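Data block below; observations after.
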Amino acid sequence: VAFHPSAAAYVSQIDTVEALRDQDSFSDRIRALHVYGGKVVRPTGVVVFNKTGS
Amino acid sequence: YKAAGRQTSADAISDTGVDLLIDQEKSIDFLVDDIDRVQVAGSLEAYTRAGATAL
């Protein structure tokens, strides 16, 4: 892919980790959530060789 | 814990109980006759002490 940074946008909105205790065993439970999105805001500013690849 | 895989769950707790019944009601009840209290050789107070000793 050949592109300019300003041709596509990405947002990470939530990026959090928490510890808990497991209800079924003597364990910590570690869980993390990522909520995000992205868009090619200018399709002519992104040029792709072999876009059907794999 | 090691034989249970490494799993655990909470059992409900419980009580046992015994009842102390205050169910024994015991009595003493007797007459000292006014004629006999005059006619005997001595005191009859000993029957009150004997009644208390029986309880």
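So basically every Cβ, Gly included, is an ideal-geometry build from the backbone, and we count neighbours across all protein chains shown. No value in this document is a laboratory result; all are computed from the given coordinates.
Each Cα pair under 8 Å and six or more residues apart adds its separation to the average, and for chain A the resulting relative contact order is 46 percent. When the convex hull of its Cα atoms is viewed from all sides, chain A shows a mean projected area of 6.5 nm².
Using only Cα coordinates, the Kirkwood hydrodynamic radius of the protein assembly as shown works out to 25.7 Å.
Averaged over peptide A:22-31, the number of partner chain Cβ atoms lying within 10 Å of each residue's Cβ comes to 2.
Given chain B, what whole percent of its Cα pairs are spread farther than 14 Å? More than 14 Å apart: 76 percent of the Cα pairs in chain B.
How high is the FRET efficiency from B:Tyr47 to B:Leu21, r the C-beta distance, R0 30 Å, rounded to 0.05? Spell out each step's value before the answer.
Working: r = 32 Å, r/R0 = 1.05.
The formula returns an efficiency of 0.40 here.
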